[PDB]
Structure formats: structure tokens, C-alpha cells
Amino acid sequence: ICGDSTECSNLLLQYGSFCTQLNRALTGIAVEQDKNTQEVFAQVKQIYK
Amino acid sequence: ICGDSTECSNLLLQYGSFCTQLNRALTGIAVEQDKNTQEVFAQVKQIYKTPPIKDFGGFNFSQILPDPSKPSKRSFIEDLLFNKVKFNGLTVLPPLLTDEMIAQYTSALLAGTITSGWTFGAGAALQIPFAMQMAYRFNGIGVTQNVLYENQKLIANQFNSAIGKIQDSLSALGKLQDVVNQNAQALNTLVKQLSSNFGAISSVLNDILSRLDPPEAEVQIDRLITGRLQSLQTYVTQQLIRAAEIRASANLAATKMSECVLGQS
Amino acid sequence: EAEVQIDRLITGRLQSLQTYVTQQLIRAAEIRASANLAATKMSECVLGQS
Amino acid sequence: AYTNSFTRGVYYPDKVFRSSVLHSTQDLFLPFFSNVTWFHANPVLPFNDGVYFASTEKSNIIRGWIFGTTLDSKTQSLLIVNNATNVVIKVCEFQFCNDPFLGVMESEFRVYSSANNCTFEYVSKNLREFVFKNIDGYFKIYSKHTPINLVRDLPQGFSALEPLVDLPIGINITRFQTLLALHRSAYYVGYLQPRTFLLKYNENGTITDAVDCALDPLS
Amino acid sequence: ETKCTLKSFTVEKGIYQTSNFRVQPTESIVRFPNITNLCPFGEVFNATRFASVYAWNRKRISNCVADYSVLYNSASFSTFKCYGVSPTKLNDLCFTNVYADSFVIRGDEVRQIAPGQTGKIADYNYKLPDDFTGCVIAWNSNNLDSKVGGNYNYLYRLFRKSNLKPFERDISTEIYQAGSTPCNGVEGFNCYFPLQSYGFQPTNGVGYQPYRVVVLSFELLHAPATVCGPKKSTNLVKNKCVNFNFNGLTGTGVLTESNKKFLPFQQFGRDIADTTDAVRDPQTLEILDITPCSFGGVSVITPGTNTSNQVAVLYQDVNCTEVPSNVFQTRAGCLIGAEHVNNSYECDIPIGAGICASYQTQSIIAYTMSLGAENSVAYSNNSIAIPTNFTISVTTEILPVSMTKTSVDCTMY
Amino acid sequence: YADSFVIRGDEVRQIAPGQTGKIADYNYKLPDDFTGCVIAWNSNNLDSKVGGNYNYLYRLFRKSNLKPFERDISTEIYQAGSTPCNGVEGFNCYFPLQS
Ligand SMILES: *[C@@H]1O[C@H](CO)[C@@H](O[C@@H]2O[C@H](CO)[C@@H](O)[C@H](O)[C@H]2NC(C)=O)[C@H](O)[C@H]1NC(C)=O
Ligand SMILES: *[C@@H]1O[C@H](CO)[C@@H](O[C@@H]2O[C@H](CO)[C@@H](O)[C@H](O)[C@H]2NC(C)=O)[C@H](O)[C@H]1NC(C)=O
Ligand SMILES: *[C@@H]1O[C@H](CO)[C@@H](O[C@@H]2O[C@H](CO)[C@@H](O)[C@H](O)[C@H]2NC(C)=O)[C@H](O)[C@H]1NC(C)=O
Ligand SMILES: *[C@@H]1O[C@H](CO)[C@@H](O[C@@H]2O[C@H](CO)[C@@H](O)[C@H](O)[C@H]2NC(C)=O)[C@H](O)[C@H]1NC(C)=O
Ligand SMILES: *[C@@H]1O[C@H](CO)[C@@H](O)[C@H](O)[C@H]1NC(C)=O
Ligand SMILES: *[C@@H]1O[C@H](CO)[C@@H](O)[C@H](O)[C@H]1NC(C)=O
Ligand SMILES: *[C@@H]1O[C@H](CO)[C@@H](O)[C@H](O)[C@H]1NC(C)=O
Ligand SMILES: *[C@@H]1O[C@H](CO)[C@@H](O)[C@H](O)[C@H]1NC(C)=O
Ligand SMILES: *[C@@H]1O[C@H](CO)[C@@H](O)[C@H](O)[C@H]1NC(C)=O
Ligand SMILES: *[C@@H]1O[C@H](CO)[C@@H](O)[C@H](O)[C@H]1NC(C)=O
Ligand SMILES: *[C@@H]1O[C@H](CO)[C@@H](O)[C@H](O)[C@H]1NC(C)=O
Ligand SMILES: *[C@@H]1O[C@H](CO)[C@@H](O)[C@H](O)[C@H]1NC(C)=O
Ligand SMILES: *[C@@H]1O[C@H](CO)[C@@H](O)[C@H](O)[C@H]1NC(C)=O
């Protein structure tokens, strides 16, 4: 939104926790992606040859 | 949004049906939460009871049958599980089913299984002795049924020890704590968003109103309204996305209760 | 003076259209799961014995 | 000499009760593990943004401070004094001795030589901490009196400072000093910067612990 | 109200949120700090000896609690004019400094103490700026300042080189020089002493008797604040939705005795999520909790307008003792218009916490739903049941597969 | 509708929606969603006479500000203080019209 500008950053503080919410939403779906492939591929205990 | 004030309500009346939509959205979610529970637990016609004896072929179900010396009548393991897990227009409605009722549905599902095997899930409950039902189930996995009758005591001891290990492994439930945590944390943000000006002079609808005259104050009150309506839309959209995830989980639970409790898979 | 008054309408109408489009995505994701269950029941109950 | 504070100079940011609530604030604080000057027994110091100020003794050698921009006439200044009687706040235009002090007969007060145009008056071992700040024409003073079991060295520990005074002066400040009782018959100075802290509140509502959120990655 | 909420003339069975219930508070109880430093004017308005007119006094009233009402209504003042600000609004404003000037003049010279006048007093004794802000007060004092024979101690200046700047003061006593001839400090023609004296008497007509004057001048430099009017208050209550103000804290709610202990400099307490939930009374210094006043949602239970027009009402989570027959208390709120029975049926209209309603016994009733029949399997260690017949049954299952494809044209909308 | 009157020169800025002052408070108040237009022109040569034209009055005291487009031609003695006035002038009992 601001991109290395302090004038914009202090005005962005008047909206509260919008950016904290956005980062929290985006991080939770990055964690889900590793769970997704753990649940498909790591279904075996040993590495058989 | 407004909250008591009257200069706010007439200004918010200018936005149309934005608030009617949000209340409809939240009411649909709340009606879906009772249907989730009805679909998982009310899967039984009658309320079945176990007989006063407990002659089950050496198998011991005492840690999972209901406890008669309690107001809630929960079992030992259901008691272990239950010890591990007003505002600005916000309200919490109670569920339609008490959890006494839920414990009463689960104990009847249990007594149906221990006494009739899988027959009560397809029609009327037909009693069968528990060792013979265990021998029918050994056939279902491709083992010949004298392997059960010649090893009954050992098999019953192994069941009993494995049931004993579960309480120790209990006394895990993070999947149930996450839902509670995410919901409480999303409700705390909505309340904290009320102390932000959104680019007005202040964030409290009186001090803006008792320090300016109407033409001047309406400008700031519209900024406050815009911010507070954006916060509520964010909240409701995320509750809609989070309830569809809980519904897919209750659907998996209903299929498991049908296929793993009322039959052999 | 009409720019300032037209922008107030533009902002509101854009908000309302985008709310409509979000709620349709959320309703279509639910119709999709129902149709996916219907396709499995057609395979497993109509072309087989379950 | 210079010394190291450990966790010192925490004050209640304002009224409003409060209990167990790791509450987060942005304000002017003395950063943890800071570089605090040491003075023995003194000179004109700067102010520039608030001041932490501790002191240690059983007698009373530290007898108040003097503030301002020029510490003389032609501009106004504050004066906070304590003879063996009690505190005397005062705001005039003064003429301050370049080395002002008070004696200990027990006759004293070679501090100033002028008291013109007074715009505010008022009259009426040990570790004694003070936090002085000056915002929007108000000169705020927080303080705390803890008992050491040493005589004159800066100890370690946590102790939050409670607000004392509030003066609607309007005065400009850029410099300050100290006042001592001579011989006729140890003190530190930190400075405050805009930091963000995490305060832990007790169930009675007192601050028992804190976290400086810019010290290290763990914090 | 349900028909209006749905915008229809036929409502089908269900439960509908129709409006809201919000307790109402009355009266505006005020609170503040015990009437302390209220400024002791009784020194400038109650002096034993005033000051001359050519060397007026100048008291700089400072941080205090000023009550201009005791002045305004004292009815002892013959003249009370306010210029920058009408008098009744003085006890509702705050400035940086108030100055009070005091002196004594004749009776008919009180009309030169005003912005923009001329005359021997306003020219060179005491000049008021042209954008004055304060107020001018004056009262007769014949009995105090006038003595038998003549009180020659009240002087005024009657010659000066140039009119005064506003609020300027001149106590010099140099021999005036009217004509061009230099004076050399001795009197004579065109060399006059510059001070004259009112000889006040006890038998002088009004307009020659002495009047005492006080000029209050409110100034506002650029400080952070200062003295101002005295706020009013009342007697806070308890156990009643009220509209309160605690020296700045404006709110609404029920006030209740507390049992928490602030630190002796903390005024009010806050919750997590930052809402005021306790205060301290400024006069008696006791902590009081402020719980949100009653409130919730109102729902209407109807069997359907095609069955009946009777109705029952649920007042979401609220003790059936402050709602404003059948009043019935539920874990979900207070229910009005349905009777509670002891039977148990299958659920019809869901109220909550195990309670449902139906139109059966008529009217509307309450109760606890039924989980289902009661079947008792005759289980034993050597008994079996085997079926001897069967039934062929066929049931339906309905599933949505599609919805309607719509398109919008953003620009045309 | 067309309303007509005469005011000072620097009082023309109180004839506008949402203002305050002795004119807009209690002489002539414009609603807050006004629709029309306001026109004003100097008339020194017509209305001002040598010595003083004392025929143009205005109200300077009223109990409460006017409702928009409300009009008040009464001439009751104002009562500032608490003391009743009884229709005679005096301290805190003022005639309400100035010229
Ligand atoms: C079923 O198992 C439970 C153990 O979980 C048995 O109850 C315990 O029995 C032992 C001795 O066998 C006692 O020392 C414990 O105090 C019992 N725990 C209780 C009563 O909570 C129970 O006896 C078993 N059932 C049968 C029929 O043997
Ligand atoms: C403010 O003034 C009131 C009286 O105007 C004080 O009330 C007194 O309180 C003491 C308790 O210590 C009682 O013994 C007196 O009888 C009270 N007086 C009256 C007239 O009721 C009150 O204490 C004052 N405020 C403070 C903080 O002291
Ligand atoms: C100056 O002091 C006198 C005496 O204290 C005050 O006079 C009182 O005025 C009130 C109201 O008019 C009367 O009820 C009293 O009877 C008067 N006092 C006496 C002793 O009789 C006077 O108000 C003071 N002046 C000011 C400006 O405060
Ligand atoms: C099994 O059940 C069927 C009913 O489903 C019995 O057939 C019925 O017999 C009665 C009396 O004879 C007739 O009135 C009905 O018309 C019959 N039903 C049908 C669909 O034909 C049958 O007799 C039962 N068999 C046994 C061995 O009990
Ligand atoms: C404080 O700063 C001075 C500046 O030169 C330095 O010499 C000294 O070592 C510092 N003290 C500490 C404890 O870092
Ligand atoms: C203490 O110092 C103050 C400073 O002015 C003075 O007013 C006071 O009188 C002193 N104490 C005594 C006992 O003189
Ligand atoms: C301050 O003092 C000086 C010298 O005593 C004097 O000239 C000046 O007028 C004083 N300030 C004011 C505001 O009177
Ligand atoms: C304090 O000093 C600054 C110097 O930059 C000056 O601009 C300011 O006006 C002074 N403060 C006040 C209250 O005058
Ligand atoms: C203060 O806190 C202590 C410990 O947290 C507690 O025991 C005590 O009851 C509290 N209240 C007091 C000392 O009044
Ligand atoms: C609705 O009304 C119609 C005709 O009045 C009637 O046939 C029908 O049974 C009614 N429905 C119910 C549920 O009573
Ligand atoms: C409602 O208030 C009364 C009076 O205190 C109390 O007895 C009752 O228990 C309250 N209701 C509930 C559900 O507790
Ligand atoms: C329901 O049964 C209970 C039994 O405890 C009895 O006390 C109560 O009066 C009954 N209610 C009615 C409405 O008869
Ligand atoms: C009608 O009467 C009211 C009395 O309050 C008065 O103020 C108003 O001006 C009257 N209507 C008109 C059009 O004058």
C-alpha cells in the first residue's frame, strides 16, 4: 500500500488491524499447502526398495 | 455501527439493505450448526439400553458406558474429554441439543452395537451374543471363526489393555481447540476495530458530535460508518468461509458414524 | 460539483456488485459438493450394488 | 563512569485500573540494558526527551533539580527544591548561580539571586527514582521510593513508577541540573526514546513484569 | 411485525427475528471533584482600600475554579457589561489567564471604561483595547470612600503628551509643559502639575460620588489550559439503566457497588477488548462497576397464518422479570404466550437448549424434545433373534446439481 | 419562494446552510439541505443616510435558535437573569431589538 513511505504508514494506522488480518489469512493457507501433500504422499512408514 | 446515537441511524439508513443481508448471512450459519449435530448424532430410532448384567464374553466396556452417579450421565472417557477443551450488539445463542442429550444419543448408539451388532442400523435390533458377533466380524476380515473361539481370553485381554491405554494417552484435542480459538480471536478483532477513527477526528460518536455542528459532523460520521461497515463485512465473509469447512467435517463424521459404527467397513 | 456526487454513487454500487459476486462464489462452492456427491451416488448405487 | 540499567524506568502510562493483561503500549521509555551516566559527589545536562533519574543515600544530599532552557533570566524556568522542611515548587524568571547549591548553623541556599515575575508557586539505604517528561505544556513527574540493602550502587530488579504531579506551565525546557547539600560541619541520568513495550498486569492492577520488544529476536 | 419484516401477507411456520429490546435509561446524573479551590474573589471584590485611577492595580488570577455566577447574580453591582462573551456562558468556558484590574472613579466616568471611548479617563488613565474580551463591573461606594470635608487621596492624571496604549500604565510625575517655553521643573503658566484629586464629599449628587470598578480581562495565549467555570453534578444511583458522566467519561448502563481495588491514582478500569467497565466516584472515591444494560433480540413464534393468528414471543436471554398469562423461563430467554406442559413430543419449532414449541394443546406450549422411543433388547449369553420375513422398501433422495447462470455488465449497472 | 431583507456587509456569510451568529441563530435560519440560491448586492446609496438610518432593526436576544424558515416578530422584554421582568426594562431585562 505505502511502499517505503512514512507519511503513508502513519495514515495507514488509522484503520486498525486490516494488515494483520490479511497476513494472518494468507499465512494460514500457506501452512495448509504442506499439510495437503503430507496427507497424500507420506502414507508409508518405511522406504521400501 | 451507530450504537445508541441517532445522528448515525439516519445516515446509515442511506445505505440500503446492507445490514439485512448480513443478518441473513449470520442466521443461516446458526441454523446450519444444529443440522450438523442432528446429522451426526440423531442416527438412531430408539433409545437403547444395556442389560443390568455385563456378561460380554470377557470384554469390559465399563470405561465407555454411562456413569449412573452423575447429573450428566457421561462416561469416564467423555468426562476426560470435557475437561481438556454482553457487548456492542454481539450475542451467543445456545444449541438446540444440550450435551446431556448428545451423551444420551451416544450411549444408545453404544448399547445398540454391543447388543445387536449391525442389525439395528438396518432395521429392528436383533440380539446376538457378543462373542458370536465378534466371530462374525472375524469372518468379515477373512479370518476363520475358530481363531476367535480358541483365543477368546487372549483377545479379550488385548482389547481391555488397549482400552486402558487410551485414558493414559488422554489424561490430541487440538483440532477442537483450534475452532474455538479461531472463532474467539475473530470476534475479538471486531470489537477492537471500534476504537479506530478511520481518518476522522476521533472514534467515539459523542465527542465528534458535541464538538462540531451538524454539517461539519456528518462528514466525520460518514467516515466512521464506512470503516465500521467494512469491518463487519470482513467478519461475516470469513464466518461464511469457515462454516463451509465445519460442514465438510460434520459430513465426514456422519459417514463415519454410519459406516464404522453401524457396520463393518 | 457533480463529480463529487457521482463518485459517492459509484463507490456504493461497486460495493454492492462485489458483495453479490462474493456470495455467489460461496454458494457455488456448495452446489459443487452436492453435485459431486450425486455423481458418486449415480456410480455406486445406480451402476452397482453398494 | 557509565553503568548498565537492567529493567528500570517503567511507569504507568496513565490512569485506568487493570489486571492480568499483557497490555501493549507505545510511549517514551528507557530502553532495557541501557548506558546510563554515573555521577559522584554537578554539571548542566541536556533534556531533549524526558529523563530517568535515580539516586542513593540515607542522608539527603540530593535536594531537587532545576530545569529550563537558559537557567537564568530573559527566559522562564522551573525550580524544585527541598530544604529540611518540605518541597518547594516554583516558577519564576531566576538568576541561577552557575554552581548553585545549598549548605548545611545549617544555613544554605546559594542557589539563585533573583525571583522575578513568578507565574506559579507552591510550598508546604534508599533508592529514589524519578521520570520527568514535558508534553503539551504539562510537566509530568513519576516517582518511586524503593529501599536498597546497599548504600550507593545501582541494583537490579523490577519496580514500576507511579505518577506524582502534573503542572500546566507552558515552559520550554532544554537543560537541567541538580542540587546538593554541601559539607560544612551518587546519581544516574538516562534518557527516554519512543519504544513499544508489553506490560504484565497483576490481579490487583500493578505492573509486575515487562518486555522491551526491540531488544532481541526473542522479545 | 413479522408480516412487515418478511414483506408478505402469509408467513409460513418458522421462527423469525423481528426486532430488538433495549432497556431505557433516564436522567443525566453528573459527577466531578469536590468543590475545592473555587477562587477567593472576596479579596478583589472585598478590599478595604481600592487603588487610584492613574495607578490601577493588576491582579493575575490563575489556575483555579472561577464561579462567575456568584458575581453575575449578586445584584449588588450597578454595572455588569460583558463584551467578548455574554455573561451566562462564563461558567462553561476555560482560558489561560484572567486579569483583574481595580480602581476608583467618579460616577459618570463609568461610561469611558469600554472599548473605543475618549475622555480624560480613557485617554490617559486606563485604556481598553478595541477587541476587548472580558467584562466590566462597577458599583457605587459612597459610604466607604467619601468623607466629610473631602477625601483628597484619590487622584487622576489630567495632562499627558499622548494617549495611552491599551493596558499601558504611567505613574510618572513630571511637570507637564503646555506651551513652548521649557519648564525646568517649576510650576507656572503653561507648566502644570499633572495630577488632580477628586475631592469626594458626603453631600454630592449621584454622578459625583465614588464608584469602584473592576475590569476582568480573559486572555488566551497559547498554553495547554488554565482556570475555567465550575462544573455541576448530582447524586449517582444504582441498579438502574442510567445515562452517566463521570468527569468526562460519558456512558450508559447500570451502576453497581464494586469489590475491586484500584491503585490510588487510577480513575476507571478497562476490559480486554478495551471497554470501560469500572469507574471511581470523584466525590466519595468508591469503585463502581458498569455492566451493559439489558438488551437482546425478540423472536416471534407462529404456527402459520393459514392455521391461526396466535403468536408467542421469545425475549432472547433475559430474566422474565424486566420484560416490560403464560410467562415461562428458558435457558434461551423468556417465553410469553405459550404454556409449559410435561409431555414430550418430537420437535416442531426449535426454541433452544432442548426446548421446542408446537400449536397443539388450542394454543402454544413448551417442553423438552424427545430423542425417540425406547427399545429394550433382550440380550443374553445364549439368545438370538432371526427374521422370518422381509419387506421391500423404496425411498427417495433429492440432490441439487446446478444453479442458474447469470451475467452482469458492470458498466451498464 | 423569494425572501427579502437587509443586513450588514459582513453578515452575508451567515446566509448559508449550517452557520451560526446573531443573524442565523435568531433572525433567519436556512435548513441544512437547502436547494435554492442566495443573491446579495451592496446598497449603500439607497439605505444609508447622513446622520444614521435607524429604521433597520435586528433581533439580538432570543430564548432558542430558530427552526429553519421560522419567523418571530414578537417584542417581549427579554429576561436574561432569573429575576422576572414584569414588562419593564432594567438589569437582565432587555428590549430585544437593536438598530
Ligand atoms: C473393567 O475394567 C475396570 C478398569 O478400568 C475395572 O475397574 C477396576 O478394577 C480394578 C481391579 O480389577 C480396581 O483396582 C479399580 O479400582 C477398578 N476401577 C474402577 C472401579 O473404577 C472393572 O472391574 C472391570 N470390569 C469387570 C467386570 O471386571
Ligand atoms: C467532600 O465534601 C464532603 C462534604 O461536603 C465530605 O463528606 C464528609 O465525609 C466525612 C468522611 O470522612 C464525614 O465524616 C463527613 O460527615 C462528610 N461531610 C458531609 C457534609 O457529609 C467529603 O469527605 C469530601 N471529600 C473528600 C475526598 O474528603
Ligand atoms: C464580600 O464579602 C461579603 C461578606 O462576606 C459578601 O456579602 C454577602 O453577600 C450575600 C449575598 O448578597 C449575603 O447573603 C450575605 O449576607 C453577605 N455577607 C454578610 C456578612 O452579610 C459578599 O458577597 C462578598 N463579595 C463578593 C463579590 O463575593
Ligand atoms: C410375509 O409377509 C407378507 C406380508 O408382507 C405376508 O403376506 C400377506 O399375507 C396376508 C395374510 O395372508 C395377506 O392379507 C396379504 O395380502 C399378504 N401380503 C401380500 C403382499 O401378499 C406373508 O404371509 C408373510 N409370510 C409368512 C411366512 O409369514
Ligand atoms: C556507553 O557509551 C560510551 C560512549 O563512548 C562508551 O565508551 C561506553 O563503553 C558505553 N557503555 C556501555 C556499558 O556500553
Ligand atoms: C524552605 O525553603 C522555602 C523556599 O522559599 C522557604 O519558603 C521556606 O521558608 C523554607 N523553610 C523555612 C523553615 O524557612
Ligand atoms: C518580567 O520582569 C521584567 C523585569 O522585572 C519586566 O520588565 C517585565 O515587564 C516582566 N514581565 C511582565 C509580563 O510584566
Ligand atoms: C519553544 O522553543 C521553540 C524553538 O524552536 C519555539 O518555536 C516555541 O514557540 C517555544 N515554545 C513555546 C510554547 O513558545
Ligand atoms: C494483591 O495481590 C496479592 C498477590 O497478587 C494478593 O494476595 C492480595 O490479595 C492483593 N490485594 C491486597 C494485598 O490488598
Ligand atoms: C393452507 O390453506 C389451504 C386453503 O385455505 C388448505 O388447503 C391447506 O391445508 C392449508 N395449509 C395448512 C398447513 O394448514
Ligand atoms: C433471575 O434473577 C433472579 C433474582 O436474582 C434469580 O433468582 C434467578 O436465578 C435469575 N435467573 C437465572 C436464570 O438465574
Ligand atoms: C410436571 O411434573 C412435575 C414433577 O416433579 C410436577 O412437579 C409439575 O407440577 C408438573 N407440571 C405440570 C404443569 O403439571
Ligand atoms: C405557527 O406558530 C408557531 C408558534 O410556535 C410560529 O413559531 C410559526 O412561525 C407559525 N407559522 C408561521 C408560518 O409563521
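All positions are counted from 1 along the displayed chain.
Cβ atoms are placed via backbone N, Cα and C, with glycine included.
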Taking Swiss-Prot as the reference, D:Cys92 is linked by a disulphide to which residue in D:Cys118, D:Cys213?
D:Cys118
Quick one: which of the glycosylation sites (D:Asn35, D:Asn117, D:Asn172) have their CB closer than 6 Å to ligand 8?
D:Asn172
Compared by Cα position, which of the recorded positions D:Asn35, D:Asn83, D:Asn117, D:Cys118, D:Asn172 is the closest one to D:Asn204 (N-linked glycosylation site)?
D:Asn35
Should any of the recorded positions D:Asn83, D:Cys92, D:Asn172 have a Cα within 10 Å of the Cα of D:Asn117 (N-linked glycosylation site), which are they?
D:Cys92
Let me know how many other Cβ atoms fall within 10 Å of the Cβ of D:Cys92 (disulfide bond).
19
Out of the recorded positions D:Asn35, D:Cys92, D:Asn172, give me the one sitting nearest to D:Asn83 (N-linked glycosylation site) by CA distance.
D:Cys92
Write out the long-range same-chain contacts of D:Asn172 (N-linked glycosylation site), meaning residues 6 or more apart in sequence whose Cβ is under 8 Å from its Cβ.
D:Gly68, D:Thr69, D:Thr75, D:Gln76
Distance [Cα-Cα, Å, rounded] between D:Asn35 (N-linked glycosylation site) and D:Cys118 (disulfide bond):
37
Under 8 Å, Cβ to Cβ, against chain E: pull out the ones among the recorded positions D:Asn83, D:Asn117, D:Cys118, D:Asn204 that qualify, in sequence order.
D:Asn204
Starting from the Cβ of D:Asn204 (N-linked glycosylation site), draw a 10 Å sphere and report how many other Cβ atoms land inside it.
14
Tell me which recorded positions (D:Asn35, D:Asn83, D:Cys92, D:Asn172, D:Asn204) have a Cβ under 6 A from ligand 9; sequence order is fine.
D:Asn204
Just to be sure I understand the packing, how many Cβ atoms besides its own are within 10 Å of the Cβ of D:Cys118 (disulfide bond)?
13
